[PDB]
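Chemist: Enclosed are the sequence and the experimentally obtained structure.
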Amino acid sequence: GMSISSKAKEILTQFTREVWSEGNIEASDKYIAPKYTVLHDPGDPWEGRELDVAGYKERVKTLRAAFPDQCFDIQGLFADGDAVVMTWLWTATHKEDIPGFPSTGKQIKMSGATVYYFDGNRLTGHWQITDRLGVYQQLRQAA
């Protein structure tokens, strides 16, 4: 593939904003490559899978539905070669019922790091770690 363009960081920033923070699922069409691989993403149902844009959008829909007002707050962008690593904080209201923890309305906070791989301006996959234990713990204190 092509590796990054000069605008990789700006692209991730907009993509994260539009798709992930604002839930503009269809904006994925502007950012996702024809093949997108969830290279690593602990507990992600799509981990290890190669998705097409449609499949990618379905995953966004599932993840967004869990915390519909979720917002990613990019902390750092670290570009190297065909990748840009994004570190981020995340906030969402616990307002949807999830397994064992019904909607409490409290703020859930998480942080994560995501290596995004590029083919030009398009994302080909991610390698991600998030503070799921932190969320798990916060949900325990909520209920």
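Modeler: Thanks, I have it. Numbering: from 1, shown residues only.

Chemist: List the buried residues in the strand of greatest length in the chain.
Modeler: When the chain is parsed with DSSP state E, its longest strand is strand 107-120. Neighbour-count burial for strand 107-120, counted by 16 or more other C-beta atoms under 10 Å, picks out 108, 110, 112, 113, 114, 115, 116, 117, 118, 119, 120. Where C-beta positions appear, they are placed from N, C-alpha and C, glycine not excepted.

Chemist: Please name every helix or strand in contact with that strand.
Modeler: The criterion is 3 or more C-beta pairs under 8 Å, 6 or more residues apart in numbering; DSSP states H and E, and the helices and strands that strand 107-120 contacts are strand 3-4, strand 32-40, strand 83-93, strand 122-130, helix 132-142.

Chemist: can you put the ones you listed in a markdown table and add distance to residue 11?
Modeler: Formatted as a markdown table, the helices and strands packed on strand 107-120 follow (distance: least, C-beta to C-beta, whole Å):
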| stretch | distance to residue 11 |
| --- | --- |
| strand 3-4 | 9 |
| strand 32-40 | 11 |
| strand 83-93 | 8 |
| strand 122-130 | 8 |
| helix 132-142 | 26 |
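
Chemist: Could you list which residues are in contact with residue 57?
Modeler: By C-beta atoms under 8 Å, 6 or more residues apart in numbering, residue 57 lies in contact with 25, 26, 28.
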